[PDB]
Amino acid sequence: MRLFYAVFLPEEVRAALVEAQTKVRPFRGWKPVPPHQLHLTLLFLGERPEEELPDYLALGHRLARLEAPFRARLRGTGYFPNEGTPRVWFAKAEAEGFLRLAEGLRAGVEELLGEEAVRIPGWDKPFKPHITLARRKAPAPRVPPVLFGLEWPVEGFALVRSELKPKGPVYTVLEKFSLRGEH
């Protein structure tokens, strides 16, 4: 299983983002992310053996009970790579809470994997709270920045499986976790 932890989004957030995606329909080189897949990843795990499921599940429940629901703000768009042909178009979101959950999980995964966690794809990348809007499958141009200024309540996150299939990746939520922490 190819697994990752992520935050799914509420209606007003998906709609603001779906209106954003709009600037990109004239460009067939842009592949827009289906609204119900729009999400912010806190930690990608790559291919993991089934034997580890319980540990990722327990890790989720642990972190969930230690951290409280927090407010996030959607704020501006960007591309990767920053210069040259872009690979991705994403929205920047921000909040201490995303960083705290990302740290909490990298920590748990290290305890469980030790040295092996380094081999996880993109493990060394510094966490950037980003929400992908579209991916560049063919030539397409950058579009001007999209400012959002939209605050919303983050109440939990999930452990999700991704499977590459025809039309693209199909997501299955193995579990949702509710932020219930006192902190």
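In this text, residue numbers run from 1 along the sequence as written.
A summary of the deposited B-factors shows that, of 77-85 and 102-110, the stretch with the larger mean C-alpha value is 77-85. As listed in the deposited structure, the average C-alpha B-factor of 19-27 and of 155-163 is greater for 19-27. Taking only the listed residues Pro141, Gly46, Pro49, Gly60, the entry reports the highest CA temperature factor at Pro141. Which of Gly149, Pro32, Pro69, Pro54 has the largest Cα B-factor in the deposited entry comes down to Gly149. Among all modelled residues in this chain, the alpha-carbon of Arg2 has a temperature factor (C-alpha) in the middle third. In the PDB entry, a CA B factor belonging to the highest third of its chain's modelled residues is recorded for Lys128.
When the modelled residues of the chain are ordered by their C-alpha B factor, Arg135 lands in the middle third.
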